[PDB]
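Let's start with one chain on its own, the form deposited in one PDB entry, as structure tokens.
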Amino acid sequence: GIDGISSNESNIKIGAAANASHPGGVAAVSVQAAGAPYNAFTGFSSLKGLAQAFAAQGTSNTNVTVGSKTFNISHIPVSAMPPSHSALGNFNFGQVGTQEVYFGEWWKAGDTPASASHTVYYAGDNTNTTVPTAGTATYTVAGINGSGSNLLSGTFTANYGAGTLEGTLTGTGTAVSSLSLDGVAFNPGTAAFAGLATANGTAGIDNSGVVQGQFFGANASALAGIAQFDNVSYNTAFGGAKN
């Protein structure tokens, strides 16, 4: 019941954890090089709890309002964590409201989001997903790009009948200051989309973006995805709530 992608499965895998309330499982992430239990699939919900549990030492878990929508953001830096959790790595990830939709990034202890280990991912429950075949909807979108405190944000427009997803995000303190979808599309009535993207920011314009994501929930109440660029500083994960 869980779908999702990781830009680098040698660092991060996305998958399902068993749960008494979800026969298809709950969204989870596995850190390939971490100590137990974090090398198994760990529910994002448990990582949310860890971010709360270590908040006095530098982690955080915050409800952030974007437009009229809430995104729950978890920030887990290696510097805030005990030494045996060094191999757990650095996390920034968000949840689309209380929907079972997560999106975020990771990088290795001692690296930065500019390093090759900068990995982006999304994960979500597909059990109830239905995608309209006609009409249009907009989504309030938040994006994570090397920060848990300065989110990308903007509006994506889904044209369900044409099968297109369009829009632009901007940032106020991340590597990426603007990111535009280019030709991102999906078969009408189906959940998965993909296309290209262009970003601008601290390293200049980068037209090499590749976008992959999907709709989630009844009547496509959410979306999430990732964008990868030749410059991994610009690698971005995003999640949207249907307006």
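Rigid core (definition): largest C-alpha set, two forms, superposition within 1.5 Å. One rule holds for the numbers: they count along the sequence shown, beginning at 1.
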{"query": "Per the entry, higher mean C-alpha B factor between 48-56 and 194-202", "finding": "48-56"}
{"query": "Higher-scoring stretch by recorded Cα B factor average, 221-229 or 7-15", "finding": "7-15"}
{"query": "From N61, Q32, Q214, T70, residue of greatest CA B-factor", "finding": "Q32"}
{"query": "Maximum C-alpha temperature factor, selected from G163, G94, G110, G146", "finding": "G110"}
{"query": "Relative C-alpha B-factor of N187, binned into the chain's lowest, middle or highest third", "finding": "highest"}
{"query": "Chain third (lowest, middle, highest) by recorded CA B-factor, residue given as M81", "finding": "highest"}
{"query": "Record-listed C-alpha B factor of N159: chain third", "finding": "middle"}
{"query": "Modelled-residue ranking by C-alpha temperature factor, third containing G104", "finding": "lowest"}
{"query": "Chain thirds of CA B-factor: placement of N126", "finding": "middle"}
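The same protein also has a form solved in complex with a small molecule, omitted here; what follows describes it.
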| property | result |
| --- | --- |
| Position in contact with the small molecule when the complex is considered in the deposited complex, options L165, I76, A123, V96, heavy atoms within 4.5 Å | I76 |
| Residue (of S149, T133, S84, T172) lying close to the small molecule in the deposited complex, criterion heavy atoms within 4.5 Å | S84 |
| All of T42, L47 and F91 with a heavy atom within 4.5 Å of the small molecule in the deposited complex | yes |
| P37, heavy atom within 4.5 angstroms of the small molecule in the deposited complex | yes |
| The small molecule contact in the deposited complex: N19, any heavy atom under 4.5 Å | yes |
| Contact test in the deposited complex: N61 vs the small molecule, heavy atoms, 4.5 Å | no |
| Contact flag, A80 vs the small molecule in the deposited complex, heavy atom cut 4.5 Å | yes |
| Interface segment, criterion being heavy atoms within 4.5 Å of the small molecule in the deposited complex, picked from 21-29, 8-16, 231-239, 217-225 | 21-29 |
| Mobile residue between this form and the one not shown, C-alpha criterion 2 Å or more, rigid core, from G135, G173, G110, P82 | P82 |
| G15: Cα shift of 2 Å or greater between this form and the one not shown (core-aligned) | no |
| Is_shifted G183 between this form and the one not shown (CA, 2 Å cut-off, rigid core) | no |
| Shift of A33 between this form and the one not shown at or above 2 Å (CA, core fit) | yes |
| Direction of the Cα shift between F44 and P37 in the deposited complex, where the change is 3 Å or more | farther |
| Direction of Cα pair change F215-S21 in the deposited complex, magnitude 3 angstroms or more | farther |
